[PDB]
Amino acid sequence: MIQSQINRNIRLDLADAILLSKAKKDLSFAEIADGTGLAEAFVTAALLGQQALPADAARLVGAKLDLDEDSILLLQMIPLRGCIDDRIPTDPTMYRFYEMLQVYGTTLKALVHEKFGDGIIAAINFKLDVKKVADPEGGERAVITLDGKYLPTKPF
């Protein structure tokens, strides 16, 4: 039977536990997700309390990280999502994504309405991935793809 959380601190504390075990075992997120049949961003997000793992994947990551049974169960619960401590990130890495909203939020709105119509790009119907590639002017770049579904707002 599906089970859900209502207080984020339970799964966020579990996340800190997972991170220590991961560091102690010198593991990557890529290798923890290996063998789950699930994308690295989905599995990572679960570990960090923002998604629920199916039972088989919870058991597999739990074995990797030497987690107890209550931890393995908790990873299968539907989370109380929200990873930002207090609404606006303080961490520079996370902040940049917030800054994108500050600079391009209204442009994204305007061009979503022009290209798709009145409604939204779903934050629920998703796939997410992060790639590193060379920058042609030197150095490296991130190409992060958010693959969402347009959901129209229509009169009733």
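In this text, residue numbers run from 1 along the sequence as written.
- Relative to its counterpart among 8-16 and 132-140, 132-140 has the higher mean temperature factor, C-alpha atoms as listed in the PDB entry.
- Stretches 90-98 and 56-64 differ in mean C-alpha B factor, with the higher average recorded for 56-64.
- For the set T44, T107, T36, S28, the maximum C-alpha B-factor listed in the entry falls on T36.
- Within the listed group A122, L111, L48, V103, the record reports its top CA B-factor for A122.
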